[PDB]
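Notes follow the structure.
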Amino acid sequence: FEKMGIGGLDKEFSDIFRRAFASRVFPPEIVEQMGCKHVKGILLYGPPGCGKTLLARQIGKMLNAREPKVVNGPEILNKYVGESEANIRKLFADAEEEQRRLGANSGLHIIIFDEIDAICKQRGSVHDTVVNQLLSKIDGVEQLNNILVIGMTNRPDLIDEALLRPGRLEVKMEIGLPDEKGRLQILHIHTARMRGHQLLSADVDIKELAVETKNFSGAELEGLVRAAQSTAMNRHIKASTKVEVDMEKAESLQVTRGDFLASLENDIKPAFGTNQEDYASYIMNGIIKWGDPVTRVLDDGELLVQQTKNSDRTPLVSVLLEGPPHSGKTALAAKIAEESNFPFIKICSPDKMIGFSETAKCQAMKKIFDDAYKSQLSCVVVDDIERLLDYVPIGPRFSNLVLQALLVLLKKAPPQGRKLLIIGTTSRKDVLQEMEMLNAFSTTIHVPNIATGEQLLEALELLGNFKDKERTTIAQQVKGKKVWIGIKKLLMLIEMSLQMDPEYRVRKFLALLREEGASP
Amino acid sequence: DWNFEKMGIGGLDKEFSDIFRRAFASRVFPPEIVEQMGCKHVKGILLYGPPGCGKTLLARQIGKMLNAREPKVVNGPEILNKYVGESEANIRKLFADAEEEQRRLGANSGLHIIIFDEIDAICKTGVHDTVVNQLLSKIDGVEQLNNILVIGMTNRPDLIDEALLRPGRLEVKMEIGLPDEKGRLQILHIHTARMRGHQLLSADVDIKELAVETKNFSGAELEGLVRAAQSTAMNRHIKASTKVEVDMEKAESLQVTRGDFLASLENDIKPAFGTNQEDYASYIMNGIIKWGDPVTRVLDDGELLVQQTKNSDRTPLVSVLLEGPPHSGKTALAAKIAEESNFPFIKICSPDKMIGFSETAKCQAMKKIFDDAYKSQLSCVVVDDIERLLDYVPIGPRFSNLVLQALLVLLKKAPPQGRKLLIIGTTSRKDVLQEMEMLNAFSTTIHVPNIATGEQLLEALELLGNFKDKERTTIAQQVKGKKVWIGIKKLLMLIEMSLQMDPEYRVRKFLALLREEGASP
Amino acid sequence: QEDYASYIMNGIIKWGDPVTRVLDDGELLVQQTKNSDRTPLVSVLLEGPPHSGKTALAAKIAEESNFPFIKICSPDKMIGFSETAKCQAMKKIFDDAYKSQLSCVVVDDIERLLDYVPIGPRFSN
Ligand SMILES: Nc1ncnc2c1ncn2[C@@H]1O[C@H](COP(=O)(O)OP(=O)(O)OP(=O)(O)O)[C@@H](O)[C@H]1O
Ligand SMILES: Nc1ncnc2c1ncn2[C@@H]1O[C@H](COP(=O)(O)OP(=O)(O)OP(=O)(O)O)[C@@H](O)[C@H]1O
Ligand SMILES: Nc1ncnc2c1ncn2[C@@H]1O[C@H](COP(=O)(O)OP(=O)(O)OP(=O)(O)O)[C@@H](O)[C@H]1O
Ligand SMILES: Nc1ncnc2c1ncn2[C@@H]1O[C@H](COP(=O)(O)OP(=O)(O)OP(=O)(O)O)[C@@H](O)[C@H]1O
Ligand SMILES: Nc1ncnc2c1ncn2[C@@H]1O[C@H](COP(=O)(O)OP(=O)(O)O)[C@@H](O)[C@H]1O
């Protein structure tokens, strides 16, 4: 990476050079005396968009190798019986034909294979013949000494065992997310062109931009720069169409300047970063304090967050919130997850799986947990543990496969020294206990309802929407009667009651409240 | 001109503004501005949309507008030839002028505009893929070009090959949306300017009335309607059709009467989609009669809840349930409430259209309906006979789980952004729904009562219209001093059945049938 | 070597006699299976109250056996599998122990493999 200039995988490339390229830098006479052979392939897996192609391009260029070739995943698979092995054989055919002309002078024809998962046969849950031909061409009755295979993937656990035996693809490597220095380096390579012509502004602080970004991948920063320049062009056009003063201010306005900040929070939506639209959808009207239970729940959540942050013996921590229906459990869980300031946070709600079968839901949950396993910190929030299972009181009836997928994923530990936090939300804890799911968790929390008349009056006053005389009359009417109302139901009832003529407003609200239940 | 209406087309103005912003903005600035830092010159445009929505005219008018050479237009897959290599030679022949201009005039080269009619035909086995690769190499190969513009038009956007959709080859994609009411007004105005010029049109035709009546029409459909009305008007002159032809030339005086247009549109053209009719007269038939107080209360409650969902802020989702005993007239009331709502998007999902579909098909259809409702700004959807939507049988009991789960999840999914919604459901087995734990999802419920008192029965019978004072008095002699329990639909069926006897036995048969149907809860 | 390190985390604590008794029984079983000739196949079942450390003891015994072939068949590697896939995987894992002079296969969490659930009951036949 000294010659490449691009930074981010210097240690990885040094290690890979040691692993394989050590044989390419040595007295050739001792190399001949070696009597050994060279490798036949390698593998590279990691998060998407981490520049797994630039690595191959630069490494191939470094050793003065022939032109590379790129093959995508869904480039071979076809429904026809005999139209899959054709491309696999064709790719090796060109190397085979030229082997005769040189024989011993043949140079390495470095190539790139992308998304090996497409042809791999490991879908136990793509045919089972393409990989046989691939392995045979890689090695068979005849051995080819002028080939090399470089692969790419994001699901390393789905590759077949036969494709990693010592005869072929006997090495592996991983590509990880960069840190602040990596983001600084990336921002120094996708923006130097603007600096060359003095388009950038001195006010743009690269360190501030790097600090603001948390888990941006390689493509995210380039996209942010592109959007920032687009916004600068839009501002320039707005100024031009607004008023004409100089006719040379266009060049000065072409400067990106401080639009990077706006582009950060408006033009880029990282997949591994925090999401604001989920908060907007779930915590809609905002948290309004009306009692001590909210404070108790928040304190417990903060304590659990601290415990998971500062633990070494227990990398896995799981909590569970429960309460009566319409008590507002989702919002509190969303708030707790948000206020953790973790890098990775996702919500696996069931509203995104309308009409799916059991297998699709299992795959979705597995994918979400696999993504969570990557970052150095994670906080997954399972929304409804009673709608994923498809539970109906009649019967009873439910799905066993999802139950198992959940029961096994609440005890697995991350790899090496990574962390994780699993939050849950339910309303029928009794059936969960009946199903033996109540012991897999580590702690339980409660969320009570508005139960006291004074609490209801205080909550209504905080919400306002009623005048002094009306509120006093309401307080007079409630007296010592029983109160068992829900927050969501409370808001809905208030809104419905406030929809008629001003003369009859308290009357209808009181009638609806009384008609409702008054006991657990 | 930038009016976008000086041409012979209209309806899509915002898209015209967007294409003007994104296409010709760079060219307007002098070359000094471009040379300062350069720009991504665009040489790719694709157009699509509902079939026959005026896509072809946009390309022609855009080509005529720009001050450049005449664009080349190819009518579909005319490139293919019997021999080998002819297709590649033909496709190469198109770019010769561009290469010559790039070589000679360099940067200061006149723009080249290329029209591809039915690009989907050629781009989507050896010949076809070779031609596709040749096009891909020519458009973006070793030597770049910046004096070419290629525009393709299709009606199947999902068939265009992925390799051709990458940036740098097809950068601007346009969808031709349905014309609005103002677009329809403009279409009608420009489709009859000739007659007004010669003032041969009858004053009985109100263009605004046609615009209001017409809904979900393409421009070609409007033109066909106009021509069908023209033919209907012309028929009035010709007289002989079975014998040798003879025409009433002397009559002349050609006029376009409203009756001709109405008759033509009645049985000549019908829109492919957007036909929300034939159900507002099918589900609600025989009208709504005021046989007692309850109907007024139900209608008032429906109107109040509709108003609530109209102008609320923190309640973007409202649901109602109309329960009651069978044959009580539930579907008719729901249809009437929906009609009186008067919303942009309305649709009724009923099982009559899913006779034989399995669980997955029902789930997919419901999801499609609800997504369509999601799209528009605000809408009200209704569902009828839930117990039939999820096949239910008392024995066992037996039912389906996929449909129940899909329905349960879809009554609490907030609509995108600030849009609104309204859901109304119907059923007659409230107990089962409550036991399934679905009644807690619905927000409020209403009751639809039966005909209980004899006075109500007499009022309904008089309002419907039948029997007479003497027969009515005889009926009241026995029915007034008692209690009754019957539904309106059953009452209509019984009246119709008993009306088929002899004059002196109708009343006795009706009373016997009423005694047969007598019961109570 | 990674399996033993992963399944055993905080080592073994000698907090009583039962640990020694269990380890002695395991050693006796290992000796019997290595020496005898009329009983080439042996089996043993470990059970107890939940959260008592059974898998750890099984792994420790297996590592102390000093056999040439050792393997562990856990369920967490089979998330989302169907019944046929599980049967094929288990058969493959077992069929690799017939091609060596000695073997020791550990099957753990049987109740999870069979897909048990108190309601019903339900499981894979
Ligand atoms: N102090 C509060 N605690 C909880 N929720 C509150 C509070 N103040 C306001 N809310 C509102 O409560 C709503 C959260 O309830 P939510 O819609 O998530 O119900 P829920 O508990 O998931 O119920 P169910 O799953 O039965 O529908 C949010 O709209 C939030 O605005
Ligand atoms: N939205 C519209 N506004 C105005 N006129 C329209 C519209 N849609 C269609 N038309 C009319 O349609 C007629 C021709 O339509 P169109 O351009 O689709 O024809 P075409 O070339 O046969 O189409 P296609 O390529 O889809 O087969 C023109 O008279 C045009 O006035
Ligand atoms: N005020 C009214 N309300 C309802 N129906 C009325 C009224 N006046 C007359 N009718 C007649 O009663 C009919 C009721 O039939 P409808 O199919 O709507 O009942 P329904 O309860 O849906 O039947 P089912 O539930 O068994 O399908 C109306 O279609 C109409 O013919
Ligand atoms: N003497 C011991 N016997 C057993 N486990 C011990 C002993 N000393 C320490 N441990 C700890 O026991 C833990 C292993 O117990 P583990 O939770 O796997 O038990 P289990 O019975 O297999 O559980 P599960 O029922 O959840 O499958 C390891 O962390 C190890 O540190
Ligand atoms: N470590 C890195 N340093 C500089 N640029 C990077 C890096 N990783 C990714 N990029 C940028 O991301 C863009 C696309 O990366 P790509 O090769 O698609 O990643 P992947 O191999 O994961 O698909 C490239 O143009 C490259 O400039």
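All residue names refer to the structure tokens as shown: chains lettered A, B, ... in order, residues numbered from 1 in each chain, ligands numbered from 1 in order.
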
- request: Can you tell me which residues come within 9 Å of ligand 1 when counting only C-alpha atoms and all ligand atoms, ideally as a ChimeraX atom specification?
  value: /A:281-291,294,323-332,383-384,425-427,447,487-488,491 /B:314,412,440-441

Filtering to N, CA and C atoms, could you give me those residues as a compact mmCIF listing (two decimals), in the first residue's frame?
```txt
# COMPACT_ATOMS: atom_id res chain seq x y z
N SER A 281 -41.68 6.95 13.09
CA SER A 281 -42.85 6.10 12.94
C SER A 281 -43.35 5.58 14.28
N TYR A 282 -42.45 5.08 15.12
CA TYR A 282 -42.84 4.42 16.36
C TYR A 282 -43.12 5.40 17.50
N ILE A 283 -42.13 6.22 17.88
CA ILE A 283 -42.32 7.22 18.92
C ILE A 283 -42.84 8.47 18.21
N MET A 284 -44.16 8.54 18.05
CA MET A 284 -44.78 9.57 17.23
C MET A 284 -45.06 10.84 18.01
N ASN A 285 -45.86 10.76 19.07
CA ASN A 285 -46.26 11.93 19.83
C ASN A 285 -45.25 12.31 20.91
N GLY A 286 -44.20 11.53 21.09
CA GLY A 286 -43.17 11.85 22.06
C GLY A 286 -43.49 11.36 23.46
N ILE A 287 -42.46 11.16 24.27
CA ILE A 287 -42.64 10.70 25.64
C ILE A 287 -43.04 11.88 26.51
N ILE A 288 -44.12 11.72 27.26
CA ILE A 288 -44.59 12.73 28.20
C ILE A 288 -44.70 12.08 29.58
N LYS A 289 -43.92 12.59 30.53
CA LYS A 289 -43.85 12.01 31.86
C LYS A 289 -45.13 12.31 32.62
N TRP A 290 -45.72 11.27 33.22
CA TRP A 290 -46.89 11.42 34.07
C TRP A 290 -46.84 10.56 35.32
N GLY A 291 -45.77 9.80 35.53
CA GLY A 291 -45.69 8.94 36.70
C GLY A 291 -44.29 8.39 36.87
N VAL A 294 -42.34 5.30 34.50
CA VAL A 294 -41.50 5.66 33.36
C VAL A 294 -40.06 5.86 33.81
N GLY A 323 -46.63 -5.96 29.50
CA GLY A 323 -47.69 -5.17 30.07
C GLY A 323 -49.01 -5.40 29.37
N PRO A 324 -50.07 -4.79 29.88
CA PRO A 324 -51.39 -4.96 29.27
C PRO A 324 -51.45 -4.30 27.90
N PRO A 325 -52.37 -4.73 27.04
CA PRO A 325 -52.45 -4.12 25.70
C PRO A 325 -52.75 -2.63 25.78
N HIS A 326 -52.24 -1.90 24.79
CA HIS A 326 -52.42 -0.46 24.67
C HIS A 326 -51.71 0.31 25.77
N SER A 327 -50.70 -0.29 26.40
CA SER A 327 -49.94 0.37 27.45
C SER A 327 -48.74 1.14 26.90
N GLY A 328 -48.49 1.08 25.60
CA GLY A 328 -47.37 1.79 25.01
C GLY A 328 -46.03 1.19 25.39
N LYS A 329 -45.77 -0.03 24.93
CA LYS A 329 -44.50 -0.69 25.21
C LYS A 329 -43.46 -0.44 24.13
N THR A 330 -43.88 -0.33 22.87
CA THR A 330 -42.92 -0.17 21.78
C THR A 330 -42.15 1.14 21.91
N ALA A 331 -42.83 2.23 22.27
CA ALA A 331 -42.18 3.53 22.33
C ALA A 331 -41.05 3.54 23.36
N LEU A 332 -41.29 2.95 24.53
CA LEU A 332 -40.26 2.94 25.56
C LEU A 332 -39.05 2.13 25.12
N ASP A 383 -39.71 -6.64 18.05
CA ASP A 383 -40.88 -5.84 18.37
C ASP A 383 -41.97 -6.65 19.06
N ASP A 384 -42.52 -7.66 18.38
CA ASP A 384 -43.63 -8.45 18.90
C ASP A 384 -43.24 -9.92 18.88
N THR A 425 -40.53 -7.13 23.35
CA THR A 425 -41.79 -6.47 23.72
C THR A 425 -42.90 -7.49 23.55
N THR A 426 -43.70 -7.75 24.58
CA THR A 426 -44.79 -8.76 24.56
C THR A 426 -45.99 -8.26 25.34
N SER A 427 -47.12 -8.95 25.28
CA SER A 427 -48.33 -8.60 26.01
C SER A 427 -49.02 -9.80 26.64
N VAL A 447 -44.62 -2.50 32.87
CA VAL A 447 -45.09 -1.20 32.41
C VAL A 447 -46.54 -1.03 32.82
N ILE A 487 -52.94 4.52 27.55
CA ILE A 487 -52.41 5.76 26.98
C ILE A 487 -52.90 5.93 25.54
N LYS A 488 -52.73 4.90 24.72
CA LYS A 488 -53.21 4.97 23.34
C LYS A 488 -54.72 5.15 23.31
N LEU A 491 -55.59 8.76 24.35
CA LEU A 491 -55.46 9.74 23.28
C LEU A 491 -56.58 9.59 22.26
N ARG B 314 -53.38 13.80 15.08
CA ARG B 314 -52.69 12.69 15.73
C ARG B 314 -53.49 11.39 15.65
N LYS B 412 -53.18 -1.73 11.81
CA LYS B 412 -52.40 -0.85 12.67
C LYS B 412 -51.15 -0.33 11.97
N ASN B 440 -60.30 -6.24 19.60
CA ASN B 440 -59.49 -5.22 20.26
C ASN B 440 -58.72 -4.35 19.27
N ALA B 441 -58.55 -4.81 18.03
CA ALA B 441 -57.90 -3.98 17.03
C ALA B 441 -58.81 -2.86 16.55
```

- prompt: Residues at most 6 Å from segment 115-123 of chain B, counting only C-alpha atoms, excluding those fewer than 5 positions away in the same chain, as an MDAnalysis selection string?
  reply: chainID B and resid 72:77 151:152 154 160

Writing out the chosen residues with N, CA and C atoms as a PDB file, in the first residue's frame:
```pdb
ATOM      1  N   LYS B  72     -32.307  10.730 -36.157  1.00  0.00           N
ATOM      2  CA  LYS B  72     -32.575   9.478 -36.850  1.00  0.00           C
ATOM      3  C   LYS B  72     -33.567   8.650 -36.045  1.00  0.00           C
ATOM      4  N   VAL B  73     -34.585   8.126 -36.725  1.00  0.00           N
ATOM      5  CA  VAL B  73     -35.628   7.319 -36.106  1.00  0.00           C
ATOM      6  C   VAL B  73     -35.633   5.950 -36.770  1.00  0.00           C
ATOM      7  N   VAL B  74     -35.601   4.899 -35.953  1.00  0.00           N
ATOM      8  CA  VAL B  74     -35.606   3.520 -36.426  1.00  0.00           C
ATOM      9  C   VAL B  74     -36.876   2.851 -35.920  1.00  0.00           C
ATOM     10  N   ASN B  75     -37.625   2.240 -36.837  1.00  0.00           N
ATOM     11  CA  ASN B  75     -38.913   1.627 -36.512  1.00  0.00           C
ATOM     12  C   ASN B  75     -38.674   0.187 -36.080  1.00  0.00           C
ATOM     13  N   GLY B  76     -38.368   0.006 -34.799  1.00  0.00           N
ATOM     14  CA  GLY B  76     -38.252  -1.311 -34.222  1.00  0.00           C
ATOM     15  C   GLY B  76     -37.093  -2.107 -34.791  1.00  0.00           C
ATOM     16  N   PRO B  77     -37.191  -3.440 -34.734  1.00  0.00           N
ATOM     17  CA  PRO B  77     -36.078  -4.302 -35.185  1.00  0.00           C
ATOM     18  C   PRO B  77     -36.001  -4.457 -36.702  1.00  0.00           C
ATOM     19  N   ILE B 151     -32.677   8.612 -27.464  1.00  0.00           N
ATOM     20  CA  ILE B 151     -33.963   8.552 -26.782  1.00  0.00           C
ATOM     21  C   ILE B 151     -34.678   7.285 -27.224  1.00  0.00           C
ATOM     22  N   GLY B 152     -35.066   6.460 -26.259  1.00  0.00           N
ATOM     23  CA  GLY B 152     -35.824   5.253 -26.531  1.00  0.00           C
ATOM     24  C   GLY B 152     -37.153   5.292 -25.804  1.00  0.00           C
ATOM     25  N   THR B 154     -40.658   2.795 -24.686  1.00  0.00           N
ATOM     26  CA  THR B 154     -41.161   1.440 -24.514  1.00  0.00           C
ATOM     27  C   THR B 154     -42.404   1.467 -23.640  1.00  0.00           C
ATOM     28  N   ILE B 160     -36.363  -4.248 -20.594  1.00  0.00           N
ATOM     29  CA  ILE B 160     -35.091  -3.640 -20.968  1.00  0.00           C
ATOM     30  C   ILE B 160     -33.980  -4.320 -20.179  1.00  0.00           C
TER      31      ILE B 160
END
```

Quick one: which residues from chain C are at most 9 Å off chain A, using only C-alpha atoms, as a tab-separated table (two decimals) with N, CA, C and O atoms, in the first residue's frame?
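selection26.tsv was written with the following content:
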```
chain	number	residue	atom	x	y	z
C	9	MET	N	-15.32	-22.11	28.95
C	9	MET	CA	-14.94	-20.72	29.07
C	9	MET	C	-14.20	-20.38	30.35
C	9	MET	O	-13.09	-19.85	30.27
C	10	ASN	N	-14.76	-20.68	31.52
C	10	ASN	CA	-14.12	-20.33	32.79
C	10	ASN	C	-13.51	-21.54	33.47
C	10	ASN	O	-13.39	-21.56	34.70
C	75	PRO	N	-26.69	-28.02	17.82
C	75	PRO	CA	-27.81	-27.61	16.97
C	75	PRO	C	-27.67	-26.20	16.41
C	75	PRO	O	-28.25	-25.89	15.37
C	76	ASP	N	-26.91	-25.35	17.10
C	76	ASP	CA	-26.82	-23.95	16.69
C	76	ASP	C	-26.26	-23.79	15.29
C	76	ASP	O	-26.44	-22.73	14.68
C	79	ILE	N	-29.50	-23.70	12.16
C	79	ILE	CA	-30.61	-22.76	12.29
C	79	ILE	C	-31.40	-22.73	10.99
C	79	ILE	O	-30.84	-22.51	9.91
C	80	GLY	N	-32.71	-22.94	11.09
C	80	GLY	CA	-33.59	-22.88	9.95
C	80	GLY	C	-33.62	-24.13	9.09
C	80	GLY	O	-34.35	-24.16	8.10
C	81	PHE	N	-32.85	-25.16	9.44
C	81	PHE	CA	-32.84	-26.38	8.66
C	81	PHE	C	-34.18	-27.10	8.76
C	81	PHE	O	-34.90	-26.99	9.76
C	82	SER	N	-34.52	-27.83	7.71
C	82	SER	CA	-35.66	-28.73	7.74
C	82	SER	C	-35.24	-30.08	8.31
C	82	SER	O	-34.07	-30.33	8.59
C	83	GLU	N	-36.22	-30.97	8.47
C	83	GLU	CA	-35.94	-32.28	9.06
C	83	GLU	C	-34.96	-33.07	8.20
C	83	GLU	O	-34.00	-33.67	8.72
C	84	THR	N	-35.17	-33.09	6.88
C	84	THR	CA	-34.31	-33.88	6.01
C	84	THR	C	-32.87	-33.38	6.07
C	84	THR	O	-31.93	-34.19	6.07
C	85	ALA	N	-32.68	-32.07	6.09
C	85	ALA	CA	-31.33	-31.52	6.17
C	85	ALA	C	-30.64	-31.95	7.46
C	85	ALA	O	-29.46	-32.31	7.46
C	112	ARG	N	-33.38	-30.24	21.91
C	112	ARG	CA	-33.44	-29.23	20.85
C	112	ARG	C	-33.45	-29.86	19.47
C	112	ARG	O	-34.11	-29.33	18.56
C	115	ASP	N	-36.94	-31.10	18.43
C	115	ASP	CA	-37.96	-30.06	18.27
C	115	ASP	C	-39.12	-30.25	19.24
C	115	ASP	O	-40.29	-30.35	18.86
C	117	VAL	N	-41.65	-29.29	22.49
C	117	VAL	CA	-42.40	-28.14	23.00
C	117	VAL	C	-43.53	-28.67	23.88
C	117	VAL	O	-44.32	-29.51	23.44
C	118	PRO	N	-43.66	-28.20	25.13
C	118	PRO	CA	-44.65	-28.82	26.03
C	118	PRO	C	-46.07	-28.79	25.50
C	118	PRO	O	-46.81	-29.76	25.69
C	119	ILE	N	-46.47	-27.70	24.85
C	119	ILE	CA	-47.78	-27.68	24.21
C	119	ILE	C	-47.78	-28.68	23.07
C	119	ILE	O	-46.76	-28.88	22.39
C	120	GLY	N	-48.92	-29.31	22.83
C	120	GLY	CA	-49.00	-30.37	21.86
C	120	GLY	C	-49.07	-31.74	22.52
C	120	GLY	O	-50.13	-32.18	22.96
C	122	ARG	N	-45.23	-31.46	20.26
C	122	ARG	CA	-44.84	-31.49	18.86
C	122	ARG	C	-43.36	-31.78	18.77
C	122	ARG	O	-42.57	-31.36	19.62
C	123	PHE	N	-42.97	-32.52	17.73
C	123	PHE	CA	-41.57	-32.84	17.50
C	123	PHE	C	-41.45	-33.54	16.16
C	123	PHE	O	-42.45	-33.87	15.51
```

Taking only C-alpha atoms into account and nothing else, which residues of chain B lie no more than 7 Å away from chain A? Please answer as an mmCIF file with N, CA, C and O atoms, in the first residue's frame.
```cif
data_model
loop_
_atom_site.group_PDB
_atom_site.id
_atom_site.type_symbol
_atom_site.label_atom_id
_atom_site.label_comp_id
_atom_site.auth_asym_id
_atom_site.auth_seq_id
_atom_site.Cartn_x
_atom_site.Cartn_y
_atom_site.Cartn_z
ATOM 1 N N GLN B 308 -64.238 13.172 11.494
ATOM 2 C CA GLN B 308 -63.121 13.024 12.420
ATOM 3 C C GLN B 308 -61.848 12.651 11.676
ATOM 4 O O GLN B 308 -60.780 13.223 11.924
ATOM 5 N N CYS B 363 -54.107 -13.251 0.204
ATOM 6 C CA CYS B 363 -53.195 -12.345 0.894
ATOM 7 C C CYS B 363 -52.593 -11.340 -0.078
ATOM 8 O O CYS B 363 -52.526 -10.138 0.210
ATOM 9 N N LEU B 402 -53.163 -17.632 7.642
ATOM 10 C CA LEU B 402 -52.459 -16.605 6.880
ATOM 11 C C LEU B 402 -53.322 -15.361 6.714
ATOM 12 O O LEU B 402 -52.862 -14.234 6.936
ATOM 13 N N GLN B 405 -53.777 -13.457 10.056
ATOM 14 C CA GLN B 405 -52.589 -12.695 10.425
ATOM 15 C C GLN B 405 -52.428 -11.464 9.543
ATOM 16 O O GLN B 405 -52.126 -10.370 10.037
ATOM 17 N N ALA B 406 -52.636 -11.619 8.233
ATOM 18 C CA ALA B 406 -52.502 -10.479 7.334
ATOM 19 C C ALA B 406 -53.491 -9.380 7.694
ATOM 20 O O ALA B 406 -53.132 -8.198 7.725
ATOM 21 N N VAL B 409 -52.407 -7.622 11.057
ATOM 22 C CA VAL B 409 -51.271 -6.712 10.946
ATOM 23 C C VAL B 409 -51.615 -5.437 10.187
ATOM 24 O O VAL B 409 -50.973 -4.404 10.410
ATOM 25 N N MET B 436 -61.506 -14.643 18.596
ATOM 26 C CA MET B 436 -60.246 -14.647 17.862
ATOM 27 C C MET B 436 -59.309 -13.534 18.305
ATOM 28 O O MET B 436 -58.153 -13.513 17.871
#
```

- request: Dump the neighbourhood of ligand 3 as a VMD selection string: all residues within 9 Å, distances computed on only C-alpha atoms and all ligand atoms.
  value: chain B and resid 282 to 292 295 324 to 335 384 to 385 426 to 428 460 464 487 to 492
